[PDB]
Every structure is written in structure tokens, then in C-alpha cells.
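Those protein sequence lines, which keep their order, are chains C, A, B and D. If you count by the authors' numbering, then the first sequence holds residues 1 to 22, one letter each, in order. If you count by the authors' numbering, then the second sequence holds residues 1 to 22, one letter each, in order. If you count by the authors' numbering, then the third sequence holds residues 1 to 25, one letter each, in order. If you count by the authors' numbering, then the fourth sequence holds residues 1 to 25, one letter each, in order. As C-alpha cells, the structure follows; a few thoughts come after it.
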Amino acid sequence: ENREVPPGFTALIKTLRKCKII
Amino acid sequence: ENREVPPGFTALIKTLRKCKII
Amino acid sequence: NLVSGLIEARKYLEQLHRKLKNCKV
Amino acid sequence: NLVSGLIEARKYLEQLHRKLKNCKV
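The structure is reproduced here in C-alpha cells:
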């Protein structure tokens, strides 16, 4: 994806997972 | 992108924070 | 594919939001 | 942008993603 709902979102959520939140 | 990062992200974040409580 | 990416990103976001809503507490 | 939210949503997205990145584990 490279217009709307940008990679930054998916990356944030992935980072949140990596951080061990869920 | 005209409408980058939609209200849906805010609703997600809100529900995430709610679910987390902390 | 651009639109595939968009709808999939939307589906992913929506599904996460739905779960995190259903969590309720 | 005229749509509103965008700049604040972006700022929050970045700030939160960066804060989460600093979690490092």
C-alpha cells in the first residue's frame, strides 16, 4: 500500500506486536 | 494523498487504548 | 496491485478495530 | 490539508510509532 492507510500504520501495529503488547 | 490516515485509525487507537485500559 | 493493497490494508485495519472494539473492557 | 485531521493524525501516528520503536524489544 502507498496511498491511503499508509505503511506507517502496519509498521506501527507490527512495532506494537514486537513490543510484546499483543 | 488527499485524505491520509482516516478516522478509522483514530477509532482503532481509541478502541486499542480502551481494550488496554492502561 | 494498488487497489488490492488498499482494500487489504482497510480489511486489516477494520478487522483489528473490530476485535479491539469487541474486547469492550 | 482541507479534509482536516491529516496533520494531527500523521503527527500522532509518527510520535506513537517512534515511542513504540523505542520499546526496542
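A virtual CB, placed ideally from N, CA and C, is assigned to each residue, including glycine.
The alpha helix (DSSP H) spanning residue 5 (chain B) covers which residue range?
2-22
Taking 8 Å as the threshold (beta carbon to beta carbon), is residue 3 (chain D) in contact with chain C?
no
Residue 7 (chain C) lies in the alpha helix (DSSP H); which residues open and close that run?
7-18
Taking residue 10 (chain B) as the reference, which of C:19, C:12, C:4 has the closest Cα?
C:4
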